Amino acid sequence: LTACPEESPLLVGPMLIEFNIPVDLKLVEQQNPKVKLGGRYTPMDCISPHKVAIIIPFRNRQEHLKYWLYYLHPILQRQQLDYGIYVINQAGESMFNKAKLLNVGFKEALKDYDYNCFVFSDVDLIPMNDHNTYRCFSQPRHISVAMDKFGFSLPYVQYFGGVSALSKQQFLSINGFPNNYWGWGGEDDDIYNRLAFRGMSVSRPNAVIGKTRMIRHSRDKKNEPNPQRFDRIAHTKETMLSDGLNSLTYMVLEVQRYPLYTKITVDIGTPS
């Protein structure tokens, strides 16, 4: 077989995204017969050059995950991606650390397959247009550019939160993500700062193509706004060399392969 076309012919464009009707993962599996154990899918039709590991930071968000899988599996297949879904579940009940879990996902996904692209996605964000491709570009990609909670517009030009995608090389280039941001906020700005220091710019689809919905939700206990975030973001240039992939330590407590995803439960320690 030959290479998949540059743009998939299966795309439908805008989609109605709602979280009213209950989701039954059993149904989801049925509706997605081509997805293999561990939430892996490869085009049988053509050869995709996009080997994508989709990494979701996670803790106590199963209901959101259901909706995420219900909507994304069909979308990702239509995008003709060779992908795998990884939910990185933080064990314990100490402060949440989104970015550290994403680093864990990078390392763990690499043990399964020769991935060349990593999509990092909050568990509650669903794209509204399938032309917003969940893959890597020549520069780091910010995907969730127009969220409904922000009135469908980028909150600030340096915003890199929500859903982003870095090639294996781009991620390695910045020594991955910081492991030192505990609690909510700032870690995405630190990451933006790292990409900028390595001379990269942020690639983004336009606001129409990038429309995204976030399942409405209250704030999680143990992920309160981080008081040190603004001070940390100011020092990214110096700390990125010592805090990242090269300094990541964690313990794997469980690896679960379900038909729709791989869920890795890990102990990533506590604020130090």
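Just count from 1 along the sequence shown to find any residue number.
Taking only CA atoms, the mean B-factor in the PDB entry is higher for 219 to 227 than for the other of 219 to 227 and 61 to 69. In this crystal structure, the stretch out of 111 to 119 and 98 to 106 whose C-alpha atoms carry the higher mean B factor is 111 to 119. Annotation for residue 206: C-alpha temperature factor in the lowest third relative to the rest of the modelled chain, per the entry.
Ranked within its chain, residue 187 lands in the lowest third, by CA B factor from the PDB record. Compared with the other modelled residues of the chain, the Cα B-factor recorded for residue 194 ranks in the lowest third. Among the modelled residues of its chain, residue 83 has a C-alpha B-factor that falls in the middle third according to the deposited record.
In the PDB entry, residue 153 places in the highest third of its chain by CA B-factor.
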